[PDB]
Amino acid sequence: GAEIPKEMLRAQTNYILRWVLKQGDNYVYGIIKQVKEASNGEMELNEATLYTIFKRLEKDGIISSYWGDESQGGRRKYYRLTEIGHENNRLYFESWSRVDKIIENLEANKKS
């Protein structure tokens, strides 16, 4: 009776958000709506966890925001990976790919 850790739930939310960011520019609710629809029945999205990660990536210069137009009031905030954020994200998926391969190799060693 030891619950799975908060750090893991954050890591999984991080993975999903980064995967969505990898697909291209988007508005925040656009991301959220896509994740909720895909998550329904699989995982309860913690909106606060998602928000926290979003804000951290922005503060860290991995994503930057812009407006879809220049008329104040009622706009959707869009976000894109920056120069360094693209690099960070590519490293993130590459490093997880290396893990995936190690697990496959461990599985194959175990079965030998």
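Throughout, we count residues from 1 along the sequence that is shown.
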Legend entry - Of 30-38 and 67-75, the one with larger mean CA B-factor: 67-75
Legend entry - 21-29 set against 84-92, stretch whose average Cα temperature factor tops the other in the entry: 21-29
Inset, instruction - Rank-wise, by C-alpha B-factor, drop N109 into the lowest, middle or highest third of its chain. - result: middle
Legend entry - Third of the chain, ranked by Cα B-factor, where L50 sits: middle
